[PDB]
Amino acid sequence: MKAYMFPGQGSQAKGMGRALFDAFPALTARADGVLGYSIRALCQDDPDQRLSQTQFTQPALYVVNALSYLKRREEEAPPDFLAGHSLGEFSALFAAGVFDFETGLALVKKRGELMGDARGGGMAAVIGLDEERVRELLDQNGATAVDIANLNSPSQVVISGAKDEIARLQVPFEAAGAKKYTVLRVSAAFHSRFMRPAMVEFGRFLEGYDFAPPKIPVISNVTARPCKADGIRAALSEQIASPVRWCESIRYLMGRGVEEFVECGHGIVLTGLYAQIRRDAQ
């Protein structure tokens, strides 16, 4: 059994998918028209350094992720499961036939806009401590405005929330044994209580869209379980302001019998997390 993993924000880079755009000419020109700019020039040249900003990042990752899946579909046997990290979850739904190429690109476009206009708060990537210790450390240190942003591996947790608390937590976190406390270069606090205004906005935006049932199962970021055709809409809204349960989703797929975990997109971020998750599970 096989599963495809779609990477999210933080794995993009200059030059990504340079071989895909030529292999899929029409698809690339269609993306050009929905976005109003050359997707190719953005990914390969990073014209004026716009790949680090979410409103241009998420569309760029959606196209590269989507073209990689179409190339692997004509070279490999179909996958049994699909999963994506935050933004990748939209590439996983496109691969399952929930929506077509240019519909998913529109949602990601809007999603990139709401997350771009968000201001206030920050993020930090923590390596070395388990979730139960992270929670204990935010309680111990009076960090009342910090939430868990995602659970990427047994020893990797990301926190997000109030800027002043992200910064002052570095010292206690490193004293407790954290291998690395990195304040992420980011504009807002994603997947926390501060994304709720964007969550409500993205909820009314998704009212004008219908979603078809998946043909390949998709493990949700919100539940770490296969999505329901009836619940896809509600889940795409709430995922924005709730933690990504990546570690749980990978473990669910292992319990189902998934043997091969293939990263479908640019980079090998999710391959690194899988190696850690697999060491603790086996």
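Quick note: we count residues from 1 along the sequence shown, nothing fancier. Between two forms, the rigid core is the largest collection of C-alphas that superpose within 1.5 Å.
- Here the rigid core sets the fit, and in 4 other deposited structures of this protein the C-alphas of 183 to 191 stray farther than those of the other stretch, out of 183 to 191 and 198 to 206.
- In 4 other deposited structures of this protein, superposed by the rigid core, the C-alpha atoms of 229 to 237 lie farther from the shown form than the other of 246 to 254 and 229 to 237.
- Between 181 to 189 and 162 to 170, it is 181 to 189 that carries the larger average Cα temperature factor according to the deposited entry.
- Higher mean CA temperature factor between 93 to 101 and 79 to 87: 93 to 101, per the PDB entry.
- Note on the listed residues 222, 27, 39, 66: the highest Cα temperature factor in the record is that of 39.
- Of the candidates 137, 199, 206, 124, the one whose C-alpha carries the top B factor in the deposited record is 206.
- Per the PDB record, residue ranking by Cα B-factor puts residue 272 in the lowest third of the chain.
- Among all modelled residues in its chain, residue 253 ranks in the lowest third by Cα B-factor.
- Among all modelled residues in its chain, residue 154 ranks in the lowest third by Cα B-factor.
- In the deposited entry, the Cα temperature factor of residue 236 places it in the middle third of its chain's modelled residues.
- Split the chain's modelled residues into thirds by C-alpha temperature factor. Residue 18 is in the highest one.
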